[PDB]
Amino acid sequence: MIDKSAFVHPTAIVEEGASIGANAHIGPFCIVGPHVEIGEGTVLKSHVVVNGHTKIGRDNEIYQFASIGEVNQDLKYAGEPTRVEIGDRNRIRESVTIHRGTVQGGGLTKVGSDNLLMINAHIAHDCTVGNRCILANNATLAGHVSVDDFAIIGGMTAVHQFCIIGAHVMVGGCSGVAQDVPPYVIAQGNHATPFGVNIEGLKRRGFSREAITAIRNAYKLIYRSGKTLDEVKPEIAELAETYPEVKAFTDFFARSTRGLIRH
């Protein structure tokens, strides 16, 4: 159902069954499939393709030549009715591609809220992008990648399938990420290696001096102590008993499947 306060440009093609919310705007030459839901106030500027079983929240801005909900590039995909979920207040720039999930991978590609996906960023099948993330131009996620809250990924950088980009991470431009990046870490290179804690990002986001110090000490446990990851896991959990921000490492370790990036 198309809300009476939505604008649908006369040249756009909205298939019967699409749901278009109040004060949304579907610009010229857009295509919107019959299983799409577009939330209140969301704007498709022009020349946007949205299809598949795809739910888009409110106050998004989706620029021309973006493709949202499209069939993914996994050769294993066979046309099964998988899904895309996109939250609120995202800025999704020209030529961005966000592809539907695979049955094998859980059936869902998900993007949160308040993200900036720059020109030609790619969100593959079964990826999970959190909130307040930035993907710079041409940043490219293979299938099943997680980009956790507040993480940023620089221009031209690509991420190998299943890798986790931890919360508050900064991945430099011109980099290739082949393993998991712990929360709060700066990573750069081909393949990417760690370069300390993202102190400036934490400072800007209201982390206390004590929390940043604890996070730096956890980083030192992982990368400077010389111990195995199995030895440091209980030491990190111990530190988190006092500084709850350090728990993000514990939560990340439980999800990590590819090992950590290392020098």
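The first residue of the shown sequence is 1; numbering continues from there.
Mean CA B-factor, 227-235 versus 206-214: the higher value falls on 227-235. The PDB entry records a higher mean C-alpha B factor for 215-223 than for its counterpart among 215-223 and 57-65. For the set 168, 132, 99, 191, the maximum C-alpha B-factor listed in the entry falls on 191.
Per the PDB record, residue ranking by Cα B-factor puts residue 94 in the lowest third of the chain. Ranked against the other modelled residues of its chain, the C-alpha B-factor of residue 138 as given in the entry falls in the lowest third. Residue 104 sits in the highest third of its chain by CA B factor, as recorded in the PDB entry. In the PDB entry, a CA B factor belonging to the lowest third of its chain's modelled residues is recorded for residue 74. Ranked by Cα temperature factor within the chain, residue 88 sits in the middle third according to the deposited record.
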